[PDB]
C-alpha cells in the first residue's frame, strides 16, 4: 500500500528527525536501530534535524503516512519494541497498511462481524487514486500487514483471513521482526533508488 502521492515522498530520500530528551539510552538506541534497518536496505537516510521545517519527532505519546509538510510530525511510541518502530517508520516513509491495498480482496477476506464495533474503518480499502503498488505483488510478510486478529472482538475470532496458496497454505500475517523482501523491493521503487 505505497502512497501514490509525490508530495508525500520525502525529497531526496532524506528524513530529518529529533528524538525527545525523555527517552532512555536504551529506547534511543532502539529507535536508531529501527532507522538503520530501513537505511541499510534502501536509499532512505535519516539525519538529525538542523533547521528543517518538516521532520519526524519521536514522542512517548499509527503514524501519519509520508511527509505531511509545513511542520513536524510525530512518530508516537507496551509498544516499545524494534519491530513496532520499524512498522511506524514504514508509515513515515510512505506506506499504508498492506491489507488496505486496492487489490486486497484477491488475497484476504475481511471478517467484518468479528471487528470491534467502531474499528471497522481500519479495514477499508484505500481509494485507487491513493495507492500505487508499483507493480509489486500483495505481500503477506510485510511489516505493514495486520495480524489475523487485529481489532478482534474476541479470543480466537479472526478479522483477516488470508487466501490459500496453490499448496493450500494460508500465509502467516502480522510479523513484527524485520522488513520483508517485498517491503525492501517496494521501498526501493518508491524512492527511485539506484540499482
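Residue numbers count along the first chain shown, from 1.
*Asks:* With respect to the deposited sequence, is there a break between residue 61 and residue 62 in this entry, and if so is it 1 to 3, 4 to 9, or 10 or more residues, or none at all?
*Replies:* Some 4 to 9 residues are missing between them.
*Asks:* Can you tell me how many deposited residues have no coordinates between residue 77 and residue 78? The categories are none, 1 to 3, 4 to 9, and 10 or more.
*Replies:* Gap between residue 77 and residue 78: 1 to 3 residues without coordinates.
*Asks:* For the stretches 173-181 and 15-23, which has the higher mean C-alpha B-factor as given in the deposited record?
*Replies:* That would be 15-23.
*Asks:* Given the B-factors recorded for C-alpha atoms, which segment has the greater mean, 148-156 or 31-39?
*Replies:* Comparing 31-39 with 148-156, the higher mean C-alpha B-factor belongs to 148-156.
*Asks:* Just grab whichever of 45, 70, 133, 142 has the top CA B-factor as deposited.
*Replies:* The record points to 70.
*Asks:* I'd like to know which of 168, 129, 162, 66 has the highest C-alpha temperature factor in the PDB entry.
*Replies:* Of 168, 129, 162, 66, 168 has the highest C-alpha B-factor.
*Asks:* Using the B-factor values recorded in the entry, state whether the Cα atom of residue 104 falls in the lowest, middle or highest third among the modelled residues of its chain.
*Replies:* Within its chain, residue 104 is a lowest-third residue by C-alpha B-factor, going by the deposited values.
*Asks:* Split the chain's modelled residues into thirds by Cα B-factor; is residue 81 in the lowest, middle or highest one?
*Replies:* Answer is highest: the recorded C-alpha B-factor places it there.
*Asks:* State the tercile, meaning the lowest, middle or highest third, of residue 113 with respect to the CA B-factors recorded for its chain.
*Replies:* Within its chain, residue 113 is a highest-third residue by C-alpha B-factor, going by the deposited values.
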